[PDB]
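Visitor: Structure incoming, see below.
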Amino acid sequence: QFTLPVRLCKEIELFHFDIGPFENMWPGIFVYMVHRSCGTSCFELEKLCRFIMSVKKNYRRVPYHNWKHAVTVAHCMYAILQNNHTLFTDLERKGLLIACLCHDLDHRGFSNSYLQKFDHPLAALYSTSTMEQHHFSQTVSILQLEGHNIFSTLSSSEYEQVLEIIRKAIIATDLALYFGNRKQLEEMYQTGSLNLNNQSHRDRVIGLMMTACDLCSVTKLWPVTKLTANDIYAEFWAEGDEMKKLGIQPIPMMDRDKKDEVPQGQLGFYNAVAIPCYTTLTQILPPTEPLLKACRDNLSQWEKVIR
Ligand SMILES: CC(C)(CO)n1c(=O)[nH]c2c3cccnc3n(-c3ccccc3)c(=O)c21
Ligand SMILES: [Mg+2]
Ligand SMILES: [Zn+2]
């Protein structure tokens, strides 16, 4: 039944768009993004709406890895897609927006390292990319619910094609995998061997897009960026608190007693992770340049905080 306001129509297209002040409209914002990416008949409205509300319900009340984070990541993907639409197939356009909304499904607010170290049942189930494999499992589980399968109308080979796009995209949100991925992609771009017709290459490009979307809070306007950083640190500190209880000293980043080091930690995160990510992405997809520009702007803001 929901209809989005006229001011948003043009603003939703921009990379720096902040979903933050529209909580009641987030399910409706996602529906709009889907119709603009693959048409009004791309998914049966009833199916799609059941799927979204179920996905929403399966995001816990954690400070950062919550419903808001899912819609934020999906919106960034929507902007990338819209600015490079002809470069992606209808099946990719569909799969990626769904993968972004589901990428942190049922996150408990603990890193893969925590679950591995403390031998959590989830780490026993999934050896590497612990949470990520759980997020893809949670996505399949939601699709398997009565009248949720938005992909039922696709052909047999086209169905396993989306589920494989989704699987690969969600796994690539494992930051530990990003570093190698970005390195292989930088090699291909420089040597001039990068070929989007090659499937293994497309998988890597998609992988980087997933990282770029996952970290997009660094591409918003400084007041939004700063407020998201508080949410991520509230989540890191809670994890550190748990480690302390179990007689383990957490790394500075997860220690609330080491709050003064946050600007220095951010500067390191932007120099080692965020800037290289958007630099490589801009080389492959030149219309994604505003993401790099906004990231550089926030990097200067963190330097100013240190100074
Ligand atoms: C991007 C964000 C949220 C900016 O506030 N951020 C930050 O400040 N430090 C970090 C950060 C620091 C260390 C490891 N991962 C981080 N990720 C992260 C977490 C899970 C999955 C993928 C990436 C962030 O998004 C982030
Ligand atoms: Mg994740
Ligand atoms: Zn995420």
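If you're wondering about the labels, chains in the structure tokens are A, B, ... by order shown, residues count from 1 in each chain, ligands from 1 in order shown.
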Let me have all residues with an atom within 8 Å of ligand 3, counting only C-alpha atoms and all ligand atoms, laid out as an NGL selection string.

Guide: :A and (65 or 69-70 or 73 or 103-104 or 173 or 214-215)

Visitor: Just write the chosen residues, N, CA and C atoms, as a PDB file, in the first residue's frame.

Guide:
ATOM      1  N   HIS A  65      25.005  -4.163  13.400  1.00  0.00           N
ATOM      2  CA  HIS A  65      24.604  -5.170  12.408  1.00  0.00           C
ATOM      3  C   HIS A  65      23.090  -5.490  12.504  1.00  0.00           C
ATOM      4  N   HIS A  69      21.331  -1.243   8.985  1.00  0.00           N
ATOM      5  CA  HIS A  69      22.549  -1.578   8.248  1.00  0.00           C
ATOM      6  C   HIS A  69      22.236  -2.321   6.920  1.00  0.00           C
ATOM      7  N   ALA A  70      21.278  -3.235   6.960  1.00  0.00           N
ATOM      8  CA  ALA A  70      20.845  -4.009   5.786  1.00  0.00           C
ATOM      9  C   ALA A  70      20.295  -3.117   4.685  1.00  0.00           C
ATOM     10  N   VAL A  73      23.136  -0.895   3.160  1.00  0.00           N
ATOM     11  CA  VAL A  73      23.979  -1.647   2.205  1.00  0.00           C
ATOM     12  C   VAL A  73      23.239  -1.844   0.856  1.00  0.00           C
ATOM     13  N   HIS A 103      22.712  -9.862   3.704  1.00  0.00           N
ATOM     14  CA  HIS A 103      24.129 -10.134   3.985  1.00  0.00           C
ATOM     15  C   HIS A 103      24.528 -10.268   5.462  1.00  0.00           C
ATOM     16  N   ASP A 104      23.789  -9.663   6.415  1.00  0.00           N
ATOM     17  CA  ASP A 104      24.132  -9.788   7.840  1.00  0.00           C
ATOM     18  C   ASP A 104      22.993 -10.418   8.637  1.00  0.00           C
ATOM     19  N   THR A 173      31.387 -10.511   1.651  1.00  0.00           N
ATOM     20  CA  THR A 173      31.257  -9.475   2.700  1.00  0.00           C
ATOM     21  C   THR A 173      32.158  -9.836   3.904  1.00  0.00           C
ATOM     22  N   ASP A 214      29.109  -2.641   1.875  1.00  0.00           N
ATOM     23  CA  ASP A 214      29.208  -2.964   3.285  1.00  0.00           C
ATOM     24  C   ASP A 214      29.845  -1.872   4.152  1.00  0.00           C
ATOM     25  N   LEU A 215      30.764  -1.119   3.569  1.00  0.00           N
ATOM     26  CA  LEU A 215      31.484  -0.062   4.288  1.00  0.00           C
ATOM     27  C   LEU A 215      31.001   1.324   3.934  1.00  0.00           C
TER      28      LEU A 215
END

Visitor: Find the spatial neighbours of segment 74-84 of chain A, counting only C-alpha atoms, within a cut-off of 9 Å - ignore same-chain residues fewer than 4 positions away - and output them as a PyMOL selection string.

Guide: chain A and resi 12-19+29-30+33-34+36-37+69-70+88+93+96-102+209-210+212-214+216+285-288

Visitor: Let's see if you can do this: from backbone DSSP, list all alpha helix (DSSP H) residues in segment 44-280 of chain A, as a ChimeraX atom specification.

Guide: /A:45-57,67-83,90-102,112-117,121-125,130-143,156-171,175-191,199-214,222-245,262-269,275-280

Visitor: Which residues sit within 7 Å of ligand 1, counting only C-alpha atoms and all ligand atoms, listed as a ChimeraX atom specification?

Guide: /A:173-175,214-218,225,228-229,232,266,269

Visitor: Identify, on the basis of only C-alpha atoms, every residue whose closest approach to residue 273 of chain A does not exceed 12 Å; exclude the query and any residue fewer than 3 positions from it along the same chain; express the result as a list in words.

Guide: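 Contacts, in chain order: residues 175, 176, 177, 178, 179, 180, 182, 183, 208, 211, 212, 214, 215, 216, 218, 265, 266, 267, 268, 269, 270, 276, 277, 278, 279, 280, 295 and 299 of chain A.
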
Visitor: Counting only C-alpha atoms, figure out which residue out of A:124, A:145, A:131, A:163 gets nearest to residue 110 of chain A.

Guide: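 Of all the options, A:131 lies closest to residue 110 of chain A.
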
Visitor: Neighbours of residue 60 of chain A within 12 Å (only C-alpha atoms; same-chain residues fewer than 3 positions away dropped), as a list in words?

Guide: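 The neighbour list is residues 55, 56, 57, 63, 64, 65, 66, 67, 68, 69, 70, 104, 105, 106, 107, 108 and 109 of chain A.
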
Visitor: When you count only C-alpha atoms and all ligand atoms, which of these residues is closest to ligand 2: A:90, A:38, A:289, A:132?

Guide: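 Result for the nearest residue to ligand 2: A:132.
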
Visitor: Counting only C-alpha atoms and all ligand atoms, which residue out of A:222, A:136, A:302, A:189 sits closest to ligand 2?

Guide: A:136

Visitor: Pick out the residues sitting within 7 Å of residue 237 of chain A, and hand them over as a list in words; count only C-alpha atoms, and ignore anything fewer than 5 positions along from it in its own chain.

Guide: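 Non-adjacent residues within range: residues 254, 255 and 256 of chain A.
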
Visitor: So which one's closest to ligand 2, A:243, A:156, A:115, A:170? Using only C-alpha atoms and all ligand atoms, please.

Guide: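 Checking each candidate against ligand 2, we get A:170 as the closest.
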
Visitor: If you measure from atom CA of residue 207 of chain A to atom CA of residue 169 of chain A, what distance in Å do you get, rounded to one decimal?

Guide: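 Calculated distance between atom CA of residue 207 of chain A and atom CA of residue 169 of chain A is 5.8 Å.
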
Visitor: Counting only C-alpha atoms, what is within 12 Å of residue 154 of chain A, bar same-chain residues fewer than 2 positions away, as a ChimeraX atom specification?

Guide: /A:42-44,90-91,94-95,149-152,156-163

Visitor: Can I get the selection written as an mmCIF file, in the first residue's frame, with C-alpha atoms?

Guide:
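Wrote it out as selection-v6.cif, contents follow:
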data_model
loop_
_atom_site.group_PDB
_atom_site.id
_atom_site.type_symbol
_atom_site.label_atom_id
_atom_site.label_comp_id
_atom_site.auth_asym_id
_atom_site.auth_seq_id
_atom_site.Cartn_x
_atom_site.Cartn_y
_atom_site.Cartn_z
ATOM 1 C CA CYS A 42 10.351 -8.176 -11.543
ATOM 2 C CA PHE A 43 8.837 -9.813 -8.391
ATOM 3 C CA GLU A 44 5.219 -10.535 -7.315
ATOM 4 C CA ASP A 90 18.725 -8.646 -14.905
ATOM 5 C CA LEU A 91 19.594 -11.769 -12.849
ATOM 6 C CA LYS A 94 17.895 -8.882 -8.787
ATOM 7 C CA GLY A 95 20.299 -11.134 -6.879
ATOM 8 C CA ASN A 149 10.111 -17.517 -2.836
ATOM 9 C CA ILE A 150 10.400 -14.412 -5.068
ATOM 10 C CA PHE A 151 12.584 -16.534 -7.398
ATOM 11 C CA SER A 152 10.038 -19.455 -7.984
ATOM 12 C CA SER A 156 15.509 -24.071 -13.163
ATOM 13 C CA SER A 157 19.042 -23.015 -14.394
ATOM 14 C CA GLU A 158 18.289 -19.292 -13.777
ATOM 15 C CA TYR A 159 17.210 -20.102 -10.151
ATOM 16 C CA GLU A 160 20.540 -21.782 -9.191
ATOM 17 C CA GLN A 161 22.255 -18.914 -11.098
ATOM 18 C CA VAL A 162 20.763 -16.293 -8.571
ATOM 19 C CA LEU A 163 21.360 -18.450 -5.502
#

Visitor: Neighbouring residues of residue 202 of chain A were defined as those with any atom within 12 Å, considering only C-alpha atoms; residues of the same chain fewer than 4 positions away were excluded. Please report them as a list in words.

Guide: residues 87, 88, 89, 92, 165, 168, 169, 181, 185, 188, 194, 195, 196, 197, 198, 206, 207, 208, 209 and 284 of chain A

Visitor: Write out the residues from the selection above, keeping N, CA and C atoms, as a short mmCIF file (atom, residue, chain, number, x, y, z; two decimals), in the first residue's frame.

Guide:
data_model
loop_
_atom_site.label_atom_id
_atom_site.label_comp_id
_atom_site.auth_asym_id
_atom_site.auth_seq_id
_atom_site.Cartn_x
_atom_site.Cartn_y
_atom_site.Cartn_z
N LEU A 87 25.92 -2.80 -17.52
CA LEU A 87 27.05 -3.67 -17.23
C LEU A 87 26.62 -4.93 -16.50
N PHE A 88 25.41 -4.94 -15.92
CA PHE A 88 24.89 -6.08 -15.16
C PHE A 88 23.63 -6.64 -15.73
N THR A 89 23.52 -7.96 -15.68
CA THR A 89 22.35 -8.68 -16.16
C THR A 89 21.19 -8.48 -15.20
N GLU A 92 21.60 -10.55 -12.14
CA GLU A 92 22.60 -10.00 -11.24
C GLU A 92 21.97 -8.85 -10.46
N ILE A 165 24.90 -16.41 -7.24
CA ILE A 165 25.29 -15.00 -7.26
C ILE A 165 25.22 -14.50 -5.80
N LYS A 168 27.91 -16.21 -3.34
CA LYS A 168 29.21 -15.58 -3.60
C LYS A 168 29.28 -14.14 -3.10
N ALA A 169 28.20 -13.35 -3.27
CA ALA A 169 28.12 -11.95 -2.84
C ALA A 169 28.14 -11.82 -1.32
N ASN A 181 41.12 -10.37 -2.80
CA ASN A 181 40.23 -9.99 -3.90
C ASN A 181 40.62 -8.68 -4.55
N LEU A 185 42.24 -8.04 -8.34
CA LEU A 185 41.56 -7.11 -9.24
C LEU A 185 42.47 -5.97 -9.65
N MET A 188 44.81 -7.38 -12.49
CA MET A 188 44.04 -7.47 -13.74
C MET A 188 43.81 -6.11 -14.38
N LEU A 194 41.73 -7.51 -17.17
CA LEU A 194 40.39 -7.54 -16.58
C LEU A 194 39.34 -7.62 -17.67
N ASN A 195 38.50 -8.67 -17.60
CA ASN A 195 37.47 -8.92 -18.60
C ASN A 195 36.13 -9.30 -17.96
N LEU A 196 35.14 -8.38 -18.03
CA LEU A 196 33.80 -8.61 -17.46
C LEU A 196 33.03 -9.74 -18.16
N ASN A 197 33.47 -10.18 -19.37
CA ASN A 197 32.81 -11.30 -20.05
C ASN A 197 33.21 -12.61 -19.35
N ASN A 198 34.42 -12.63 -18.72
CA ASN A 198 34.97 -13.76 -17.94
C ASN A 198 34.22 -13.80 -16.60
N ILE A 206 31.99 -8.11 -8.47
CA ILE A 206 30.83 -8.18 -7.60
C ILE A 206 31.26 -8.21 -6.14
N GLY A 207 32.31 -8.99 -5.86
CA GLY A 207 32.89 -9.14 -4.53
C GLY A 207 33.28 -7.80 -3.95
N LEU A 208 34.00 -6.99 -4.75
CA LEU A 208 34.46 -5.66 -4.38
C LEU A 208 33.27 -4.70 -4.17
N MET A 209 32.21 -4.82 -5.03
CA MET A 209 30.99 -4.00 -4.94
C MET A 209 30.32 -4.26 -3.59
N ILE A 284 37.59 0.30 -12.04
CA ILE A 284 36.76 -0.67 -12.73
C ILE A 284 35.43 -0.03 -13.17
#
